[PDB]
Amino acid sequence: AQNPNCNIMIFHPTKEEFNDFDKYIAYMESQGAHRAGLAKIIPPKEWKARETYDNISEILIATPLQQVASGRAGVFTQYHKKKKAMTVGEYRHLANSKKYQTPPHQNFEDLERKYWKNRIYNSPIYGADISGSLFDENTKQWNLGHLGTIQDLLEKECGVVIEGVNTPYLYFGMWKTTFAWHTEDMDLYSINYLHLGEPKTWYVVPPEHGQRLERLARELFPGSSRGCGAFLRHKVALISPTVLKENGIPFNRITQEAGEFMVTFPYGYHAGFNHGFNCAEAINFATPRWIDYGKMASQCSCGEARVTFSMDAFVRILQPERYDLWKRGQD
Ligand SMILES: O=C(O)CNC(=O)C(=O)O
Ligand SMILES: [Mg+2]
Ligand code: NI
Ligand SMILES: [Zn+2]
């Protein structure tokens, strides 16, 4: 078995190997990359996502979210408070202000310590889930706006044509902006490109050990657990690496820098934080190996997790028994 310790693997494809996305994902998995739940892909040196980032300031962040924490430093939840619209230019100015900017630090490890020590005492503002793309339409390789769609993958594997579309999303982050512990909708893959700015640190649990994370989470967030059998779908719970180590949860960590891709694999729980002002683009995708994860994915039916138009069809076809109860939560 390849990668039996489930380490995060880093890949350095050539420009030739960067031509066929599907085939490269399949190559990574042949080397055991999926076992970690997350891989890093450094693009060939000849590759670029677009020519410059000089003209992005007029993108609108219609609903910036202030991330308010409750709990203790190592075990907390966050809620998202809606703020007034601002432009990327305005957001970047806010991210760089004395109130929100990254503090002095020695190295990524010192900054990670400061994050976990201090995150709960601040409320950073996140421009998340903004439909759109920063890839130049003439970038042909690993252009997240030109990937094959999940609906076409389901049609190719299973023979059923379904409604729905699949498009990318932009994330504008600042120091301490946080992504809570989650797997993707319907335990899909995700791919994330860090277009510009400061780094993003990631934590991940190997898919084969996901249930151990879930069990710890039910212990650490007992009222949430009673309210919903899949409450990590709410994307509100954080658990520090210290707390995971104390409870014997296997995980790994890695820092993504501007110009690098990350791929999360089906049922790979992940969480993390941004180091300072940055802009990432991400999209879900599927392969033939996803299908069986899609069939088994947990669902939130308490009604909190409230998800896309396109997830309907996935649940309808892959999880017909759940469909009924899940759509009652969605309506
Ligand atoms: O970049 C972020 O805030 C979070 N992204 C993801 O969880 C992802 O790409 O799967
Ligand atoms: Mg602009
Ligand atoms: Ni994710
Ligand atoms: Zn729920």
# chains A, B, ... in the order shown; residues from 1 in each chain; ligands from 1

call {"tool": "residues_around", "arguments": {"residues": "segment 243-254 of chain A", "least_positions_apart": "5", "cutoff": "6 Å", "atoms": "only C-alpha atoms", "output": "PDB file with N, CA, C and O atoms, in the first residue's frame"}}
result
ATOM      1  N   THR A 201      -2.481  28.114   6.253  1.00  0.00           N
ATOM      2  CA  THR A 201      -2.136  26.858   6.909  1.00  0.00           C
ATOM      3  C   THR A 201      -3.341  25.914   6.986  1.00  0.00           C
ATOM      4  O   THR A 201      -4.458  26.328   7.321  1.00  0.00           O
ATOM      5  N   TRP A 202      -3.076  24.679   6.716  1.00  0.00           N
ATOM      6  CA  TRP A 202      -4.076  23.603   6.642  1.00  0.00           C
ATOM      7  C   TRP A 202      -3.750  22.531   7.646  1.00  0.00           C
ATOM      8  O   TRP A 202      -2.584  22.181   7.850  1.00  0.00           O
ATOM      9  N   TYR A 203      -4.814  21.973   8.242  1.00  0.00           N
ATOM     10  CA  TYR A 203      -4.773  20.738   9.027  1.00  0.00           C
ATOM     11  C   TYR A 203      -5.734  19.725   8.370  1.00  0.00           C
ATOM     12  O   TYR A 203      -6.784  20.115   7.824  1.00  0.00           O
ATOM     13  N   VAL A 204      -5.368  18.450   8.423  1.00  0.00           N
ATOM     14  CA  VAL A 204      -6.174  17.424   7.753  1.00  0.00           C
ATOM     15  C   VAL A 204      -6.116  16.119   8.496  1.00  0.00           C
ATOM     16  O   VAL A 204      -5.055  15.730   8.945  1.00  0.00           O
ATOM     17  N   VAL A 205      -7.211  15.415   8.509  1.00  0.00           N
ATOM     18  CA  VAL A 205      -7.309  14.037   9.103  1.00  0.00           C
ATOM     19  C   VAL A 205      -7.403  13.066   7.901  1.00  0.00           C
ATOM     20  O   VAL A 205      -8.216  13.243   6.991  1.00  0.00           O
TER      21      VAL A 205
END

call {"tool": "residues_near_ligand", "arguments": {"ligand": "ligand 2", "cutoff": "8 Å", "atoms": "only C-alpha atoms and all ligand atoms", "output": "MDAnalysis selection string"}}
result
chainID A and resid 55:59 88

call {"tool": "residues_around", "arguments": {"residues": "residue 148 of chain A", "least_positions_apart": "5", "cutoff": "10 Å", "atoms": "only C-alpha atoms", "output": "PyMOL selection string"}}
result
chain A and resi 21-22+153+166+285-287

call {"tool": "write_last_selection", "arguments": {"atoms": "N, CA and C atoms", "output": "PDB file, in the first residue's frame"}}
result
ATOM      1  N   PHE A  21      -5.504  17.056 -16.511  1.00  0.00           N
ATOM      2  CA  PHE A  21      -5.816  17.167 -15.062  1.00  0.00           C
ATOM      3  C   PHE A  21      -6.215  15.809 -14.483  1.00  0.00           C
ATOM      4  N   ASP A  22      -7.190  15.153 -15.136  1.00  0.00           N
ATOM      5  CA  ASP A  22      -7.727  13.864 -14.663  1.00  0.00           C
ATOM      6  C   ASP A  22      -6.627  12.849 -14.486  1.00  0.00           C
ATOM      7  N   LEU A 153     -19.343  14.013 -14.832  1.00  0.00           N
ATOM      8  CA  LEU A 153     -18.704  12.857 -14.243  1.00  0.00           C
ATOM      9  C   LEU A 153     -19.793  11.819 -13.836  1.00  0.00           C
ATOM     10  N   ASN A 166     -21.552  23.805 -11.851  1.00  0.00           N
ATOM     11  CA  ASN A 166     -20.393  23.595 -10.948  1.00  0.00           C
ATOM     12  C   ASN A 166     -19.481  24.776 -11.231  1.00  0.00           C
ATOM     13  N   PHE A 285     -14.794  18.983  -7.267  1.00  0.00           N
ATOM     14  CA  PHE A 285     -14.745  18.115  -8.443  1.00  0.00           C
ATOM     15  C   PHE A 285     -14.851  16.669  -8.029  1.00  0.00           C
ATOM     16  N   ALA A 286     -15.098  15.826  -9.035  1.00  0.00           N
ATOM     17  CA  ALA A 286     -15.288  14.405  -8.824  1.00  0.00           C
ATOM     18  C   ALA A 286     -14.365  13.590  -9.747  1.00  0.00           C
ATOM     19  N   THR A 287     -14.180  12.360  -9.362  1.00  0.00           N
ATOM     20  CA  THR A 287     -13.519  11.342 -10.204  1.00  0.00           C
ATOM     21  C   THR A 287     -14.372  10.083 -10.072  1.00  0.00           C
TER      22      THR A 287
END

call {"tool": "residues_near_ligand", "arguments": {"ligand": "ligand 4", "cutoff": "10 Å", "atoms": "only C-alpha atoms and all ligand atoms", "output": "VMD selection string"}}
result
chain A and resid 224 to 235 299 to 306 329

call {"tool": "residues_around", "arguments": {"residues": "residue 126 of chain A", "least_positions_apart": "3", "cutoff": "9 Å", "atoms": "only C-alpha atoms", "output": "list in words"}}
result
residues 64, 65, 66, 67, 171, 172, 173, 174, 177 and 178 of chain A

call {"tool": "write_last_selection", "arguments": {"atoms": "N, CA, C and O atoms", "output": "CSV table (one decimal), in the first residue's frame"}}
result
chain,number,residue,atom,x,y,z
A,64,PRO,N,-19.3,40.5,3.2
A,64,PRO,CA,-18.2,40.1,4.1
A,64,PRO,C,-18.7,39.5,5.4
A,64,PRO,O,-19.8,39.8,5.9
A,65,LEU,N,-18.0,38.5,5.9
A,65,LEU,CA,-18.5,37.8,7.2
A,65,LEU,C,-17.5,38.0,8.3
A,65,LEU,O,-16.3,37.6,8.2
A,66,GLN,N,-18.0,38.6,9.4
A,66,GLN,CA,-17.1,38.7,10.6
A,66,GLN,C,-17.2,37.4,11.4
A,66,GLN,O,-18.3,37.0,11.7
A,67,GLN,N,-16.1,36.8,11.6
A,67,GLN,CA,-16.0,35.5,12.3
A,67,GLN,C,-15.9,35.6,13.8
A,67,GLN,O,-14.8,35.7,14.2
A,171,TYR,N,-12.2,33.4,-2.4
A,171,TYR,CA,-12.1,33.6,-1.0
A,171,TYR,C,-11.0,34.7,-0.7
A,171,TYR,O,-9.9,34.5,-1.0
A,172,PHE,N,-11.4,35.9,-0.1
A,172,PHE,CA,-10.5,36.9,0.2
A,172,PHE,C,-10.3,36.8,1.7
A,172,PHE,O,-11.3,36.9,2.4
A,173,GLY,N,-9.1,36.6,2.2
A,173,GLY,CA,-8.8,36.4,3.6
A,173,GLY,C,-7.9,37.5,4.2
A,173,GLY,O,-7.3,38.3,3.4
A,174,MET,N,-7.9,37.4,5.5
A,174,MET,CA,-7.0,38.3,6.3
A,174,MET,C,-6.4,37.4,7.4
A,174,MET,O,-6.8,36.3,7.7
A,177,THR,N,-8.5,34.7,9.7
A,177,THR,CA,-9.7,34.2,9.0
A,177,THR,C,-9.5,32.7,9.0
A,177,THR,O,-8.4,32.1,8.8
A,178,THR,N,-10.6,32.0,9.3
A,178,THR,CA,-10.6,30.6,9.7
A,178,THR,C,-11.6,29.8,8.9
A,178,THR,O,-12.8,30.2,8.7

call {"tool": "closest_residue", "arguments": {"among": "A:47, A:261, A:323, A:309", "to": "ligand 1", "atoms": "only C-alpha atoms and all ligand atoms"}}
result
A:261

call {"tool": "closest_atom_pairs", "arguments": {"of": "chain A", "to": "ligand 1", "cutoff": "6 Å", "atoms": "only C-alpha atoms and all ligand atoms", "output": "JSON lines"}}
result
{"residue": "A:179", "atom": "CA", "partner": "ligand 1", "partner_atom_place_in_ligand_line": "3 (O)", "distance": 5.0}
{"residue": "A:190", "atom": "CA", "partner": "ligand 1", "partner_atom_place_in_ligand_line": "10 (O)", "distance": 5.0}
{"residue": "A:191", "atom": "CA", "partner": "ligand 1", "partner_atom_place_in_ligand_line": "9 (O)", "distance": 5.6}
{"residue": "A:192", "atom": "CA", "partner": "ligand 1", "partner_atom_place_in_ligand_line": "9 (O)", "distance": 4.6}
{"residue": "A:282", "atom": "CA", "partner": "ligand 1", "partner_atom_place_in_ligand_line": "9 (O)", "distance": 5.1}

call {"tool": "residues_near_ligand", "arguments": {"ligand": "ligand 3", "cutoff": "7 Å", "atoms": "only C-alpha atoms and all ligand atoms", "output": "ChimeraX atom specification"}}
result
/A:182-184,190,270

call {"tool": "write_last_selection", "arguments": {"atoms": "N, CA, C and O atoms", "output": "mmCIF file, in the first residue's frame"}}
result
data_model
loop_
_atom_site.group_PDB
_atom_site.id
_atom_site.type_symbol
_atom_site.label_atom_id
_atom_site.label_comp_id
_atom_site.auth_asym_id
_atom_site.auth_seq_id
_atom_site.Cartn_x
_atom_site.Cartn_y
_atom_site.Cartn_z
ATOM 1 N N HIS A 182 -14.217 20.412 8.335
ATOM 2 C CA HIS A 182 -15.296 19.923 7.473
ATOM 3 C C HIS A 182 -14.746 18.951 6.423
ATOM 4 O O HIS A 182 -13.537 18.981 6.074
ATOM 5 N N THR A 183 -15.670 18.177 5.824
ATOM 6 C CA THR A 183 -15.373 17.567 4.532
ATOM 7 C C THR A 183 -16.210 18.355 3.504
ATOM 8 O O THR A 183 -17.122 19.142 3.871
ATOM 9 N N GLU A 184 -15.967 18.122 2.226
ATOM 10 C CA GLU A 184 -16.732 18.805 1.207
ATOM 11 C C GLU A 184 -18.148 18.280 1.119
ATOM 12 O O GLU A 184 -18.451 17.194 1.603
ATOM 13 N N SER A 190 -11.908 18.785 -3.397
ATOM 14 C CA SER A 190 -11.826 20.185 -3.734
ATOM 15 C C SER A 190 -10.420 20.458 -4.248
ATOM 16 O O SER A 190 -9.490 19.724 -3.954
ATOM 17 N N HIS A 270 -10.752 18.734 6.914
ATOM 18 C CA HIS A 270 -9.735 19.753 6.927
ATOM 19 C C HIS A 270 -10.221 21.025 7.599
ATOM 20 O O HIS A 270 -11.393 21.284 7.652
#

call {"tool": "closest_residue", "arguments": {"among": "A:39, A:6, A:313, A:25", "to": "residue 164 of chain A", "atoms": "only C-alpha atoms"}}
result
A:313

call {"tool": "select_by_dssp", "arguments": {"residues": "segment 79-162 of chain A", "states": "alpha helix (DSSP H)", "output": "PyMOL selection string"}}
result
chain A and resi 88-95+108-118+150-158
